[PDB]
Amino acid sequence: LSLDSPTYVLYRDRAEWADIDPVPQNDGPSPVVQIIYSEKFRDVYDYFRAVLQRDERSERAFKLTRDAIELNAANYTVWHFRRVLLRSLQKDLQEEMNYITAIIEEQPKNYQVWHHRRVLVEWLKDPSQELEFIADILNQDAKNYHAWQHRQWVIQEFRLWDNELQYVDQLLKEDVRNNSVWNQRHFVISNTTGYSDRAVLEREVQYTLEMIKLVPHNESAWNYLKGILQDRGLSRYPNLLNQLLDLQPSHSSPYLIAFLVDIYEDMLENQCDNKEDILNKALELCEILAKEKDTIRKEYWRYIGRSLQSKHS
């Protein structure tokens, strides 16, 4: 009997449950943050409290946890007892994978449902349905944090790295502004080839610069360009400054101006040529950002400006 079925009956009116006494919740004589539960919720949870207090490891209790979960999927106590019953009753865990698939489709932002799926995958040692299932959830919400966490967990645990850069490329074509996908790109590359390989780094910086030319005001591409070069220091790449200054007239943005200040910061901290000239250009860009191009971050750019004067003068 489904919880939403038109012929659903309360547990207190079910013949197969007549032997057990419901156990009411003890909220105290002067209750606080008291939820006026509906009859359906109160009935399920009074009977769940009864099977849990006596540790009844039965088939009826297993079916009851399904109803308790549908009423409040965040009740981690019910999820724990469901896993105890899955193992004690030797329940077919592939039937449980079908069930968890359906409830994650309904409540993809709940934590407990995703943790339950990982336990099932660990128990069965079978990740064969995971990448396709997660791609279906990401097809509905491409930035679901739990879905990306589950995807990273499956890929790391079972070594499923071979097709992920291709999947990343597909979602970047769909939405080049999806920051979760730019994160997945870094996750795949840093755990497979790494960024120390010059051919890989060159390919990544050339790809990112082409995405910046196409959509100049997309912050994720600018953040990815900075993140993969900041490790060794932006001043380590001398052609980068002039290549961004060449894109400045037609594809300008406060992201390009901020990246120029980031380059000048590292040049000053690494004993660059024309040190007096570099500091003045950096302070001028901090002023333009604080007073005009990026006033929401005026306190940040004023701090950077004072910081540069303090360190390099």
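Residue indices: 1-based, along the sequence shown.
Stretches compared: 139 to 147, 211 to 219. Higher mean C-alpha B-factor in the entry: 211 to 219. Mean CA B-factor, 16 to 24 versus 295 to 303: the higher value falls on 16 to 24.
Among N242, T101, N110, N179, the highest C-alpha B-factor in the deposited entry belongs to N242.
For the set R82, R232, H115, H186, the PDB entry puts the maximum C-alpha B factor at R232.
The entry lists a Cα temperature factor for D197 that places it in the highest third of the chain's modelled residues. When all modelled residues of the chain are sorted by CA temperature factor, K40 is found within the middle third. Sorting the modelled residues of the chain by their CA temperature factor places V261 in the middle third. For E269, the recorded CA temperature factor ranks within the highest third of the chain's modelled residues. Per-chain ranking of the deposited C-alpha B factor places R57 in the highest third.
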